[PDB]
Every structure is written in structure tokens, then in C-alpha cells.
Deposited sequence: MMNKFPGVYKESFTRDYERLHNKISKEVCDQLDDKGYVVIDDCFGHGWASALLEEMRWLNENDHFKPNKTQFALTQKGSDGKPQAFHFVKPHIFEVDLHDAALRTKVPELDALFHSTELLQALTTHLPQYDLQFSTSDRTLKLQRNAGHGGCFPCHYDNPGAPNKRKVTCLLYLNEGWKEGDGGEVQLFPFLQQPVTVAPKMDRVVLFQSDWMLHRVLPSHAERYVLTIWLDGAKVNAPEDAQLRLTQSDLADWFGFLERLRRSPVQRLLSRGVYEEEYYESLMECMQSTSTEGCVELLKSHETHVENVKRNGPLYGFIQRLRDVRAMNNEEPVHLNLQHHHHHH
């Protein structure tokens, strides 16, 4: 059904993809919580994927900001490059080679490939983790950005909040890939003033939302080295229990854009007050906020 003619010549270059997801890239993902890869697929190949996405959108396959999931083989058969991307295991292979501990899954049940079009109309983008807990199975988030000649002011950046560090703002440039931790990387999307396409791949982990992820250790060594304690916190999903307190201002400002919804705000308002009534938790949150202010 996709006509099959592309505006530019390209190579479905699996080896390039595999080589882009290097040991160094994986070490950064594991250490910093995120990593950015420019010109990952190559311009022709990225253009080809975008063309197929625009086609899907012309033929009303995007459904209410609009999204489509490519789990449906019936749909995938219409878009050969997107179908090949769905079946590609290069990402899974590199990550499981360099980061075996994440226990990522090859089954098609444990990957999600989502397409998203954002009209460019402001909207609602709360601060969140891609895996907020519970039953969510996501371990690695993989974002492919597809906006050519993106310019300052176009907006649509993803803002990352490595816990208690300086925030990182990442422009959604054409053929840029962002990988980050679904269960311990706080983020939000900034408002877009232009049309914005993004392709998202989520890789599930068998060990996500484990019991040891829902606790913090205080050790004797920490007493003489708080950095080590903060560093374990930064890389631990337990931070999700503390993020709304530590980043109240950021969460609240995002909700103001949503207002510009009443239930989401009341929910925040209630959570913030519950924290403040929990004296020990609150003192702890405030010390973390102090660490943040010093960085």
C-alpha cells in the first residue's frame, strides 16, 4: 500500500546501526542514564522511515498529538522500512551483549514500536518516568527523531533530569537517537511550535520493578562519603517515590501548561501535601533538594 518510491536513495544499513550502538554508548547509558546518538541511521534511511510515517498519517492510520502502534502485522505490511525496523534486533543484540544485566527480551511481545505526530499546538506533557512502576515492563527507551532542519524555537525538545544533576535539553534533530533508562530517568517533552514526528521503541526487562529497586541502603561508608549514597540514588528506580517532591517546581510548571487536567493537578496537589505531612520523608526530600541546588 505504501507506493514504494522514496525521495532519496538509501541503504537499510543494519551494520551501521549495530556499530552505532557501541560499548561506549552502552557504558554511558548505564552510567549517566541516557545517551544521545547523532546521524544514527543515516540521512537516506531516516528519510525513508519518515516518508512511510507521513503516508500512514495521510491514510488516517494515526489515531488520537496522534499515535500508532506497529504491533499489527496487517499495518506493518503496508510500510516495508518500518516493518523491517520492527523486526530488526540490532538494538537488542548490542544492548544484551554490552548490558546483560538488564535482561532484555527478544520476544515480539516484549517490544513496542510507537509512532507519534505532534501537531505543534502546545498541549499537556507531564514530568514522568517511562516506567512509573507497577506492572510496567519497560527497561530501555529508544527515541528516533525525524524533524529536518529543526531550529531553535521549533521547540519539541526532550528535557532529561538525571536525578539531582543539571537538566539536559535535547533537540529533536533529524536522525538523532536518544536512549535512556525507562525506570530511572525522569523527563518531559517541551512544547512544540512546529509539526514533530518521533519514533519510539521500548525494550522490556525481565527484572524491572524488583523488590531491591523499591528500597535504599544507608551504609557505614556513606557517613564519610555522601556522594556514593547520592550516586546509588541517582541510578535507582526508588527515586520515582521522591521525584515529585524533589522536582515539585518542574512537575507543577508542566501542569500549568496542561491547564493552559483539573484531576491531574488535584492529584499533584494532594501528593505534595501528603509528603509534607510525612515529616521524615519531607526532611529527606528537602535535603535532596538542597543537593540539587548545590549542583
query	finding
Where the deposited sequence has no C-alpha coordinates (positions from 1, in order)	1-3, 68-92, 289-294, 330-345
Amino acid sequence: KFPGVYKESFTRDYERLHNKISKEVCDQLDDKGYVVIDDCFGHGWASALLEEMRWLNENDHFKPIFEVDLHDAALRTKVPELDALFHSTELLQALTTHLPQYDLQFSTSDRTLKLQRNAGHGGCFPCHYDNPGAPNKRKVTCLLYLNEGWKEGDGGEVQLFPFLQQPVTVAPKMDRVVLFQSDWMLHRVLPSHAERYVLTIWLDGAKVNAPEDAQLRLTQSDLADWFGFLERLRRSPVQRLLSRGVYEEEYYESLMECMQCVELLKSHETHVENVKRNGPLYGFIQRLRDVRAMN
From here on, numbers count along this sequence of modelled residues.
property	result
Higher-B stretch (mean Cα B-factor, as the entry records it), 202-210 or 174-182	202-210
Between the two ranges 42-50 and 29-37, the one averaging a larger CA B factor in the entry	42-50
Among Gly120, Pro126, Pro132, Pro162 - the residue whose C-alpha B-factor is largest in the record	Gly120
Out of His268, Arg240, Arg235, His61, highest CA B-factor residue	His61
CA B-factor placement of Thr141, once the chain's modelled residues are sorted into thirds	lowest
Chain third (lowest, middle, highest) by recorded CA B-factor, residue given as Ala73	highest
Among modelled residues of the same chain, the CA temperature factor third for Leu255	lowest
Modelled-residue ranking by C-alpha temperature factor, third containing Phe10	highest
Ranked C-alpha temperature factor of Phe229 among modelled chain residues, by third	middle
